[PDB]
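Each chain, letter by letter, is given below.
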Protein chains: 2
Amino acid sequence: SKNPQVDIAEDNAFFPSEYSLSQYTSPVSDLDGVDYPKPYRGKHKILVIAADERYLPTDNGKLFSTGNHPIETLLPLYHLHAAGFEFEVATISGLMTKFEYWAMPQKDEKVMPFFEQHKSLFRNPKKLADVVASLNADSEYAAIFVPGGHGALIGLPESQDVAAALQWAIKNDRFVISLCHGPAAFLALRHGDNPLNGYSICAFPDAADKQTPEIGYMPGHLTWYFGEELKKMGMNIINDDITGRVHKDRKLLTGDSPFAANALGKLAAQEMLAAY
Amino acid sequence: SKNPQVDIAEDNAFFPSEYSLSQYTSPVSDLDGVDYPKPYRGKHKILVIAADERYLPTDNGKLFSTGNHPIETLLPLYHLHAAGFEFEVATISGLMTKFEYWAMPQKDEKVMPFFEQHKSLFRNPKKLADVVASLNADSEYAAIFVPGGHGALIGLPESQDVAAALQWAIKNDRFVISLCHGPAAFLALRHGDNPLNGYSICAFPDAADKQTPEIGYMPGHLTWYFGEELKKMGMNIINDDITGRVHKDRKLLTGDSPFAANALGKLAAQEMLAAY
């Protein structure tokens with residue numbers, strides 16, 4: 001079935017079709033290379049900038065019931081966690097993180113407990129402007145993580161706060177991690193001062209969510225395409241399709257989809273393990 | 001069956017009898033009041049001083065296969081974790097933590113994942129002397145946790161390092177948490193300078209492990225009784241029996257057995273949540 005599914009909680013909102021839900025999600029994740037015997041004992045923690053809105057408006061007025069992608073959020077954080085790095089969630093507003101539970105790997109003996117044990121952190125997130133105002137060369141963060149999910153497409157791309165946050169990190173030689181539509185957040189720098197210019201990155205292809213609606217993943221088409229906007233902001237998007245590969249470009253680690261979440265996690269842990 | 005059980009790994013070592021193993025352990029724990037919506041976002045982490053030796057010598061030459069008690073180690077750490085506080089394990093030697101796996105709640109859907117996700121921290125612990133040498137009024141610890149298990153009876157009670165560590169905490173108004181035979185570690189102050197003098201505490205009763213061997217919990221009797229030694233060091237031990245109750249005495253939070261692990265955890269989280 002490729003028909004979008006009603007989300008009774010909102011006026012004209014829809015979840016992904018049964019066909020696509022089984023096409024791109026699973027009751028169990030690919031969590032894999034969690035081998036880290038010499039864990040980081042420092043004090044630096046990953047800063048996770050998440051989405052506080054679940055509904056994204058499409059071309060036909062219907063709302064898309066999205067949010068942050070669990071796999072893209074939890075797999076990386078899982079590896080980074082087991083590697084000794086703790087994480088602190090923040091939202092532009094401070095409202096709770098909005099997840100796409102339809103892509104949550106219920107029935108995963110490792111990912112769910114991990115989630116349950118850090119749920120409060122997403123539920124009672126910090127307001128990004130508070131975090132930003134305390135940012136100094138000594139801020140103990142080590143990296144900013146912007147997880148995927150169409151939710152990242154709302155809010156973050158026009159946030160003066162996500163901008164500052166990012167400029168602070170690249171300025172202070174910190175890592176920046178992201179995947180799926182998360183880089184759409186980098187668009188918050190398009191209005192002058194873009195320390196993320198000539199950086200190569202791999203994200204979700206515009207051509208991908210150009211067609212996904214043809215199978216009901218979305219109740220309609222996107223109002224715009226973040227991919228080409230990044231191209232105009234001077235960033236290089238490696239992939240033109242969905243391949244599940246991840247790329248490293250001097251502290252900038254990224255992936256193109258739920259398919260690259262595990263690899264992006266290993267790449268992150270192993271790379272920061274070395275830096276710290 | 002009250003007969004001690006051979007531990008083929010050591011010369012004349014024995015695990016607790018089947019009767020006592022079912023008397024004092026369970027495949028599932030009492031982990032309970034894990035309700036913490038406003039978690040600590042600071043940087044202070046609990047400092048866990050654990051045992052690096054598994055075998056304790058008894059009155060009859062037989063070795064007792066003990067170590068750190070999982071429940072007394074993991075329940076408190078579980079609550080403190082979900083409350084936003086991270087922990088860092090240390091051993092006098094730096095050798096891996098030695099647990100009493102015969103008391104590990106295999107089959108516990110929450111405690112085992114928690115364990116698995118922080119196993120490395122116990123496996124590759126830090127050497128307490130290294131931690132001590134960096135201790136200053138700014139050390140970001142907030143509390144020192146000395147978990148129970150007869151393992152705490154070996155090494156720690158004569159450690160110049162556990163002593164310094166403890167003096168540093170009470171001096172710097174930090175918390176000190178412990179249960180079972182863990183307070184036996186406080187005996188490391190008996191030789192002058194005991195900021196733990198007139199403090200009341202509840203621990204495992206001498207009379208308890210005076211009789212436990214009568215059912216095979218231990219292959220023999222203890223070479224000495226830490227309980228009375230604490231009494232002589234000027235500390236007040238509330239309980240005279242095993243009751244599973246926990247006590248608070250100005251930053252000193254303690255419990256008397258595996259039975260008080262959950263409560264000691266709630267008391268710890270809730271009390272530090274307030275201090276931080």
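This entry, as listed in the PDB, derives from X-ray crystallography and reports a resolution of 2.80 Å.

Chain A is annotated in the PDB entry as Hsp31 from Escherichia coli. Quoted verbatim from the Subunit heading of the UniProt record, the comment on chain A is "Homodimer." One UniProt comment on chain A, placed under Subcellular location, says "Cytoplasm".

1. Thoughts on the pattern of salt bridges
The full count for this structure, using the stated rule, is 12 salt bridges over all chains. As a salt-bridge pair, A:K119 and A:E116 come within 2.6 Å of each other at their nearest N and O atoms. Exposure remark for A:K119: the relative accessible area of 25% places this residue in the partly exposed category. Ionic pairing is found between B:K251 and B:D173, a salt bridge with its closest N-O pair at 2.9 Å.

2. Regarding the interface of chain A and chain B
At the interface, 20 residues of chain A touch 21 residues of chain B. Of all the secondary structure elements, the ones that give two or more residues to the side of chain A that touches chain B are α2 (70-82), α3 (111-116) and α4 (119-123) of chain A. Its residues assigned to classes, the side of chain A that touches chain B shows 7 nonpolar, 6 polar and 7 charged.

3. Considering helix α9 (residues 261-275) of chain B
All names here are of chain B. Between its first and last C-alpha, α9 extends 21 Å over 15 residues, near the 21 Å set by a 1.5 Å rise per residue. The set of residues buried in α9 consists of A261, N262, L264, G265, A268, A269 and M272. In a view along the axis of α9, the buried residues occupy a sector of 160 degrees, so they form one face of it. At its buried positions, α9 is contacted by β3 (45-50), α2 (70-82), β8 (143-146), β9 (175-179), β12 (246-249) and β13 (252-255).

Criteria and cut-off values
Residues numbered from 1 in each chain as written, not as in the entry; some residues may be left out. Chains lettered and ligands numbered in written order. Heavy atoms only, no water. Residues with missing side-chain atoms left out of burial classes, pairs and counts. UniProt positions renumbered as here; feature names shortened; annotations may be inferred. Salt bridge = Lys/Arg side-chain N within 4 Å of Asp/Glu carboxyl O. Buried < 20%, exposed > 50% of the residue type's maximum accessible area, 1.4 Å probe, protein only. Contact = heavy atoms within 4.5 Å. Helix = DSSP H or I, 4+ residues; strand = E, 2+ residues; numbered from the N terminus. Nonpolar A, V, L, I, M, F, W, Y, C, P; charged D, E, K, R; others polar. Expected span 1.5 Å × (residues − 1). Arc of directions from axis to C-beta.

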